[PDB]
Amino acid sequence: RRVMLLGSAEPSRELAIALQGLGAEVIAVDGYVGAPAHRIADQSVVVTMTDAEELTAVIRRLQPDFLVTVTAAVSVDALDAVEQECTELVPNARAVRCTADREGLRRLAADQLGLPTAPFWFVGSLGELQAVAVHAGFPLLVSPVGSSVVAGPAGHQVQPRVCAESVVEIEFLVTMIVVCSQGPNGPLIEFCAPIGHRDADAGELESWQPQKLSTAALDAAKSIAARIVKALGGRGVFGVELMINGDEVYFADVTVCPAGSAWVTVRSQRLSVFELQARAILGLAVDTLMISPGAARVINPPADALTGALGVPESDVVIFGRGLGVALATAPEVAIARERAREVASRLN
């Protein structure tokens, strides 16, 4: 059983450990020579993965049982070549293509599915912008298809590309991790507990699990998460990005790769997002049981700093090279778990 990982960054390494515990040989592919998953993989490969010819030869020679796309820098055309009884793609070349095309994924979510999003318009003129502002009002979020905030410049109520978004009030950003595998009885679709996340003080990301939601908010979230994921199809672990304001839930995005916010799961769930995606790739049963509330801080290791960081109760750390590290804590409550993680991170950075 041979799995091939397109991408060899930090989560590619943990996934590779996970897959090796379950008995699989892993090939780690990337562009440069010293990539993280190269060090512990069974076989390392260097190719400009953004090269449809060069990538496709590599896949034909090695001929892996499973082809896992863990990065965004990849030839989607090369992947559809391989799809077009020798290798299962997990995720599908469909999902890889849909989620790298930002325009097409929004239009898939809001138009084909009836998913609720923040009002958005794709323009291609100045005049197109002019209308939207008159129609939509302020503030707007003009973004290339950096992201400027058009916060200023209809007489009656009955009245390349650049993306315009109306701005909505938001309480929480939330990551819904959806897992699609096979069980001993066929297809499984599992939901993790909502993961709350946000940008923190020193340019770090903070996450925590579980984020509490109302019944109506949680029903909406499962519904939205489940529907975008079934449209993509195939086995895999999907991170579905949502915006929440009390009862309202908005679709923002989905990634076929383990999000930075998922790092909390390494300590807060029985099976981490990496153990889940190892099992999903290989078509094995999964559950989404939680160990305990937790929080994480992704920073972007002096001997003194480590000693101090691990002095914080129920804490853990994942050191990764230059400027990359994860601070982790668990606790009987999310609030304690976030305070401990901020302590771990503070003693570390």
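Residue indices: 1-based, along the sequence shown.
According to the entry, are there none, 1 to 3, 4 to 9, or 10 or more residues of the deposited sequence without coordinates between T215 and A216?
The entry has no unmodelled residues between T215 and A216.
Please say, as none, 1 to 3, 4 to 9, or 10 or more, how many residues of the deposited sequence are without coordinates in the interval between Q84 and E85.
The entry has a short gap there, with 1 to 3 residues left out between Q84 and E85.
Return whichever of 317-325 and 288-296 has the greater mean Cα B factor according to the PDB record.
Between 317-325 and 288-296, it is 317-325.
Tell me which of 39-47 and 305-313 has the higher mean C-alpha B-factor in the deposited entry.
The stretch with the larger average C-alpha B-factor is 39-47.
Which has the highest CA B-factor per the PDB entry: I244, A164, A72, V90?
The listed residue with the largest C-alpha B-factor is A72.
Comparing recorded Cα B-factors across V158, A220, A231, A202, which one is largest?
Largest recorded C-alpha B-factor: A202.
Going by the recorded CA B-factors, say which third of the chain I281 sits in, lowest, middle or highest.
CA B-factor rank for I281: lowest third.
Ranked against its chain, the third holding the CA B-factor of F138
For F138, the deposited C-alpha B-factor lands in the highest third.
Sorting the chain's modelled residues by C-alpha B-factor, tell me whether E206 ends up in the lowest, middle or highest third.
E206: CA B-factor falls in the lowest third of its chain.
How does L129 rank on Cα B-factor within its chain, lowest, middle or highest third?
Ranked within chain, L129 CA B lands in the highest tercile.
Looking at the entry's B-factor column for C-alpha atoms only, identify whether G152 ranks in the lowest, middle or highest third of its chain.
CA B-factor rank for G152: highest third.
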